[PDB]
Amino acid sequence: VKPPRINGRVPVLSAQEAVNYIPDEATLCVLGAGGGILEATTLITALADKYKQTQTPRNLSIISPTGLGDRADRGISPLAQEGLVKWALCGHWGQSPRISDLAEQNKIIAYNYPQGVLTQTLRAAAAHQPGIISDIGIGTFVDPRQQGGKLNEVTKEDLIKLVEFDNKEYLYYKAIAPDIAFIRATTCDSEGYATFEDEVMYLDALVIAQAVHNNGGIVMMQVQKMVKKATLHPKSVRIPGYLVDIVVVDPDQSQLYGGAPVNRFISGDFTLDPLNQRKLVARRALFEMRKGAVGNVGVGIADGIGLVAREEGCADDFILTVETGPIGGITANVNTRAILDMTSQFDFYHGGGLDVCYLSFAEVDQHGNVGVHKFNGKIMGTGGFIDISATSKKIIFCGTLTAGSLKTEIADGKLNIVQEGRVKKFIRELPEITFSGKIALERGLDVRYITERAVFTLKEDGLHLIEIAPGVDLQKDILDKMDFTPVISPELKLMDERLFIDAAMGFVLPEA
């Protein structure tokens, strides 16, 4: 039961008034990405506050297409009060760690669909399609022959099923419709027609609204301001008003966490005019780039690639895409070239649209398998990791060879390990697989593992060590630091000297 539209006007309520419409056992879908991107914060806050006061509502199911928050107490962490949530399906878990703490402790039912697939299943749910068929996730923990995307012991119901079409294997992911949506826009009119002029991006706001709407649910939308009916440009409207049931106006709405005023460069309206192991990894990663290539750099040790490219003078000769929608731009990013909706961005990725992608790793095993969704006893989830490493033409894994307070220095054109890491990242067998070396080889993909001391390539007989850093001993610093035996390439070479010098490399971008 939703509040009625008096004279066609969308009901405007306080966030407190709005969350009173959430019943027990509602399935709530939360729009947003990291650091407050498109987050309906007042709604999340109101719901957390209501439960802290009344212990209602109870036993909600959460769908969070991507990870909200600050990797601490923001995002949907405030909703991790015991009894409020009973079940969650998220594309990324570590960004709101209070919820993943609940999953770790078997206190909630917990699934992780690949972020891209997840938003695709919400779009299917909008259309009352029962699920989607995709080979994204075959051979990983989301494959039912492994964990079926289940994150803990208490999670039992099979959502993902193995199916066959054209004599090929695919996964079938069940499409689940939400009952409630917390979405957000910059501005809407008196009938709820909404524009995103100052938002960092779009994500899958329309998809979420349609899925909840067509499930007889309540769409609640936070906006910064409301305007007169039919005065927005029709080509700027991203959500038709009839999809929205309740509007909350937050005149203090901020583009990102931190309360900074609207930045119109971030909005897209104006054109804006240190050698460590992380720069080293980003540098060697750039060597994998080609002229005209479409790539994706992931958060982590490689996210410096764009900067290195700018330093090297080749940043305009390829294009980097962001999983959530933005295309191009410089360090939120500014001077973007385009912004797609998140679902469409993932459709592109799934079909092998990326020439090169760069992903972090927590662990690598003898098979070339990579883990990121669980490590160190913690649940992190995938984000778009599976969507990106499943079919991209070249997969470039980036990270240090060891972990746990590793300290290095790059001086005199060499790598100095001043304090070796406590933890081996190169292990015999992954407890759980996020990326399958076997499937990537079956798909004909080119797989690299770039570290600060060593570079490997995946082959049919495992990892071949192809490059070794200056200042590093093969036996003591590499072979003694891995819990498996890599093939040593007969072509083994020192890593390019330029990488280790604190000056522009004179790198010239190859054209294939």
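One rule holds for the numbers: they count along the sequence shown, beginning at 1.
*Asks:* Please classify the coordinate gap between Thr331 and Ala332 in terms of deposited residues: none, 1 to 3, 4 to 9, or 10 or more.
*Replies:* The entry has 4 to 9 unmodelled residues between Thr331 and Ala332.
*Asks:* Count up the deposited residues without coordinates from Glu153 to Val154 and drop the result into none, 1 to 3, 4 to 9, or 10 or more.
*Replies:* Gap size class: none, per the record.
*Asks:* Report the stretch with the higher mean CA temperature factor, choosing between 96 to 104 and 284 to 292 on the basis of the entry.
*Replies:* The stretch with the larger mean CA B-factor is 96 to 104.
*Asks:* What stretch has the higher average Cα B-factor here, 480 to 488 or 26 to 34?
*Replies:* Comparing 480 to 488 with 26 to 34, the higher mean C-alpha B-factor belongs to 480 to 488.
*Asks:* Among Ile305, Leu232, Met201, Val219, single out the one with the highest C-alpha B factor in the record, please.
*Replies:* Out of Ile305, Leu232, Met201, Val219, the record gives the largest C-alpha B-factor to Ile305.
*Asks:* From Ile450, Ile63, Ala40, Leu474, which pick has the Cα B-factor that tops the rest in the entry?
*Replies:* Result of the comparison over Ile450, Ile63, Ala40, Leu474: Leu474.
*Asks:* Test of reading the entry: by CA B factor among the chain's modelled residues, which third contains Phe375?
*Replies:* Answer is highest: the recorded C-alpha B-factor places it there.
*Asks:* Report the third (lowest, middle or highest) to which the CA temperature factor of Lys228 belongs, ranking only the modelled residues of the same chain.
*Replies:* For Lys228, whose C-alpha B-factor we compare with every modelled residue in the chain, the answer is the lowest third.
*Asks:* Select lowest, middle or highest to describe the third in which the CA B-factor of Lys394 falls within its chain in this entry.
*Replies:* For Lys394, whose C-alpha B-factor we compare with every modelled residue in the chain, the answer is the middle third.
*Asks:* Tell me, lowest, middle or highest third: where does the Cα B factor of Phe165 rank within its chain?
*Replies:* Highest third.
*Asks:* With respect to C-alpha B-factor, does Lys414 fall in the lowest, middle or highest third of the chain as deposited?
*Replies:* Answer is highest: the recorded C-alpha B-factor places it there.
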